[PDB]
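What follows is a single chain, given as structure tokens, in the form deposited in one PDB entry.
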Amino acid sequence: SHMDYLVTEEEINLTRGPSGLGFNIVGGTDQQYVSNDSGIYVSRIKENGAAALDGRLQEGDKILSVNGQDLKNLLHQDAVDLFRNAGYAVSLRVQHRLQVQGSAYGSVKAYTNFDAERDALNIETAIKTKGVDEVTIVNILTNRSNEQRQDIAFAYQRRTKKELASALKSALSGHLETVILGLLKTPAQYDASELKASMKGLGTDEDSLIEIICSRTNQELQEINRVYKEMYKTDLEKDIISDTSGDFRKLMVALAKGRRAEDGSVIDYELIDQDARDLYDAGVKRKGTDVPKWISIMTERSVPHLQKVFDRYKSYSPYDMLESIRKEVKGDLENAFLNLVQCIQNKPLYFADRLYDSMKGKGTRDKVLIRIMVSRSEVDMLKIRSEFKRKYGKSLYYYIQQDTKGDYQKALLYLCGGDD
């Protein structure tokens, strides 16, 4: 889930009019646009101008040369003079810097004009303001990508000799602290800490353990397994074994290994039918249930394969997969299978339903609401929002607004990313 910059260089030829080339420039050795580069940059493109109609030049481009003359290490005025004296036919060599987001369906995007040192200074200022300036802290952190937050944390520690997460742990409280500390962890660190929390102490928070283990992919689970061992000095599988038993343990342990078959380009029609018939013969068709058979099929096959298996299953069975689970099993095991099949069939709708359940009644299941808003904000929140609005008739934004208040509400609404 990582951002990228695509730096490319392009030659652009324009015809000067009475209005000129139609853009403004900034920079120079005497007017350094940032701390380092003395380069010349396009700061604005005038509408209905030469550069605009041509469409190639972008705001933010660096001008490398004008008619073959380089704009490297020039005073601002010397660069202006190259433009003023370039004639009516002007050849530009420019450098484009294009920001690429990690996911197309995330709600939180990388910030364009990002300066980790400035953000760290501003957050320290907000922490040290009398009474704590939570608004500024929320405004910054919910409007930076997770990778940018890691860079802020690094600059903060260097400046203050304190870890940013610890400083905010001390400065904040309540649900807002929970949101902010969650946003500061990497995705694997966050999931690992949420898994540990679901198991630490007497009993188990099966709801949270199931949500994470059933919804994460092989790539996410492999990194969680690695980070969990670094953070807690034990294997995630050993903690699952410690906290669970019976068939529920078998299913959780199997899923947590992250060894599901990857999506392939070959559709295995013969296996689709055999899997569907096996699911029927293991469950609705017989007395009792062959749970190991269900576990093997539903944990080992790829997600696109299982989507087709569940459709073929309806050719054999009078009930669909979800209804069959309800009839065959119970307890933690039923809850796990139901969550898993929902994640296979439509994962954004799965999270939309969990979000609705966390708010629909008296109060709020804040732990679930926060974890989904934090963990899915850079993955598929736009699809979650679309499923939510389609099913429930009002936006996710609307439900968050009614159920939460204060700076905590503000933070969740930023992670939502907008109204629908």
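Basically, rigid core = biggest C-alpha set you can superpose within 1.5 Å across the two forms. The first residue of the shown sequence is 1; numbering continues from there. Shifts are known only where both forms have a C-alpha.
Below, we refer to the form deposited in another entry, which is not included among the displayed structures.
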- Task: Give the option from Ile241, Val80, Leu121, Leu322 whose C-alpha shifts by 2 Å or more between this form and the one not shown; the alignment is on the rigid core.
- Result: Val80
- Closer or farther: how do the Cα atoms of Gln101 and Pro348 compare in the other entry relative to this form, given a change of at least 3 Å? closer
- Query: With a C-alpha distance change of 3 Å or more, do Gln101 and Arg216 lie closer or farther in the other entry?
  - Reply: closer
- Note on the structure: Once the two forms are fitted on their core, the residues forming runs of at least three in a row with C-alpha displacements of 2 Å or more between this form and the one not shown are 4-102, 200-202
